[PDB]
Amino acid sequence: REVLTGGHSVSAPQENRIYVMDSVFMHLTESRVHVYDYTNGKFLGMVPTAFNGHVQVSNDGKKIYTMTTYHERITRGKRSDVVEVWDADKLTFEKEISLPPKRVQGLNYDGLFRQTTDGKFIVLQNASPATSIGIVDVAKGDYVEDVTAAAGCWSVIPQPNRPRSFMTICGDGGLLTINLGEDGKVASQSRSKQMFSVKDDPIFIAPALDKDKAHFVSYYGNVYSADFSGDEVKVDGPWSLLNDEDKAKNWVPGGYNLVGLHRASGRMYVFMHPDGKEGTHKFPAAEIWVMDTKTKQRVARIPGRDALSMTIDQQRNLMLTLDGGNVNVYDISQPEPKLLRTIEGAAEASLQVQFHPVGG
């Protein structure tokens, strides 16, 4: 006689798992994270995230963090903005952390919900609509700092070469760097020189992030860089993604989470489309271009499969791309990406996919 049981763990190893953040925009109060095995396309489980959830996996791979909004009666009653800590293997709720009722509600750019390199602090974007960066102490389960210095800035770019440092893009076209102390409070800060012209060459917020520098692409196909090998960030650019032939056909970048970097080679991946003009910066990819950031030249180009967002796994040399509903898996161990498979119907309305971390 068979017996139904609960309490089970996800059936595939952590190193196989990816996380597709489904906004379910048509029914945005029932957003969720779908967990998939990228090796075979199998659905592994899910985490419910209420109204416009955001998600990330802890750097140590043990927990899933979500950020969401509740009201007592959904469309009326008192608001509660929270971070939730979930077990990564059991996909169960463990802890709620209260936030002030101003967490960013918006589509799932990576930089709206991040963590420090040492994993001890969650770093999230607020908008009331005045902007600030909120700091959650994971060990304490508390919102510990509100970085009002980041007013007029947007999004969080962690520095992988420091334990508790991150940058944000400001309305002056520069970057603000925040270094947190071991208590999560601001220990120091600095502002770069202007990197880009906000009016004349706006950048996409999505970084192509290396260990000690970040690259950004612009609405017109230029590349800017921020070097944070030192305490002061040094900024440079532009160089153009485009050669003369590319310009003739008006190629420009487009998408959401639209770039990525393969750190061992310095290859940068960017979604591009032809016939660019004002208003096409979120168009699906006609192609993925592969750029050598050292030589500042393109090395390869492949079909884009109408993708809008991507992410990279360094240690397995993989790139995922995502068109809103379907996830494509690519091998990027060599300069030309090779399509391995497509996972159809991974989401109804997703613009963000992430790997389970394996680095520890």
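In this text, residue numbers run from 1 along the sequence as written.
Mean CA temperature factor is higher for 143-151 when stretches 143-151 and 81-89 are set side by side in the entry.
In this entry, the higher average B-factor at the C-alpha atoms falls on 227-235, of the pair 227-235 and 285-293. Per the PDB record, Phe196 has a higher Cα B-factor than any other of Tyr269, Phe166, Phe204, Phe196.
Per the deposited coordinates, the residue with the largest Cα temperature factor out of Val156, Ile74, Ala248, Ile97 is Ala248.
Among all modelled residues in this chain, the alpha-carbon of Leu261 has a temperature factor (C-alpha) in the lowest third.
Split the chain's modelled residues into thirds by C-alpha temperature factor. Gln334 is in the middle one. Sorting the modelled residues of the chain by their CA temperature factor places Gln315 in the middle third.
Sorting the modelled residues of the chain by their CA temperature factor places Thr69 in the lowest third. In this PDB entry, the Cα temperature factor of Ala208 sits in the bottom third of its chain's modelled residues, the lowest group.
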